[PDB]
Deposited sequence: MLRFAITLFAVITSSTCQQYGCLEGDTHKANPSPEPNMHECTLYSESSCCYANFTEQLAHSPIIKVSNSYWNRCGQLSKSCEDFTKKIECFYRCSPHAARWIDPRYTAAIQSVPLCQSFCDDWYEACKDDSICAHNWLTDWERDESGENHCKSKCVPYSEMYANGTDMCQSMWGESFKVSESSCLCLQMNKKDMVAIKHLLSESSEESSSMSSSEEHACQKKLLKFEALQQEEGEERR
């Protein structure tokens, strides 16, 4: 299944001409047309939402923000964390801490005005987002990567205690996903060792 959000397909299927989010190409919950928006950096505006409200994000920070957009919109497994009473929303998707930490590090000197990027905006007539709070650095907005990942999208994400049973929006998620859906920990960690070996 896919999420029952604005843009999602009914069911995951291959998607040949994706411009971004290609991690999900051969089984995607987004149509390729959605990806066109993300093909060019700097990314100013995705759908009705401006990404540059406190300035233009550094490239690596933008990359991380794009990875989460691609997951929500295109991952064939996001719906496994579907909120049953709000079918466009996810809850408690387990993110790897290393992922959240690298992200924070990438964004630490960038600026932001929404502690929670989903709720903390003024939305105008045309659906476009405007800061209410003040622009501050990410390093002021959140105390660390963990705090950021638990805050940015409310209940959507959590930070796993496990370094293996967690998503980081790269090919290793194929290892994680097998075990997410003590024992499972060791299974995952062995599987992950094989993965790292196979990739030269």
Against the full deposited sequence, which stretches does the structure leave out?
1-20, 202-212, 232-238
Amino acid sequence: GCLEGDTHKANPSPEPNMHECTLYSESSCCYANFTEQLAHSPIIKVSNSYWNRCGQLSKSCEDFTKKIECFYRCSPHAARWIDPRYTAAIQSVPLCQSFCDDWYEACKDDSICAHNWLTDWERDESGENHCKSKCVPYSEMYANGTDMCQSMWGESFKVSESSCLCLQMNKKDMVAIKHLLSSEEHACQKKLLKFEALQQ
From here on, numbers count along this sequence of modelled residues.
Between the two ranges 186-194 and 21-29, the one averaging a larger CA B factor in the entry:
186-194
Once average C-alpha B-factors are taken from the entry for 134-142 and 150-158, the winner is 150-158
Out of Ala88, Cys74, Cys100, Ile112, whose C-alpha atom has the biggest B factor in the entry?
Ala88
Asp120: which third of its chain by C-alpha temperature factor?
lowest
Split into thirds by Cα B-factor across the chain's modelled residues, where does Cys166 land: lowest, middle or highest?
middle
Looking at the C-alpha B-factor of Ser126, is it in the lowest, middle or highest third of its chain?
highest
Rank-wise, by C-alpha B-factor, drop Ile44 into the lowest, middle or highest third of its chain.
lowest
So, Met174's CA B-factor, relative to its chain, sits in which third? The highest
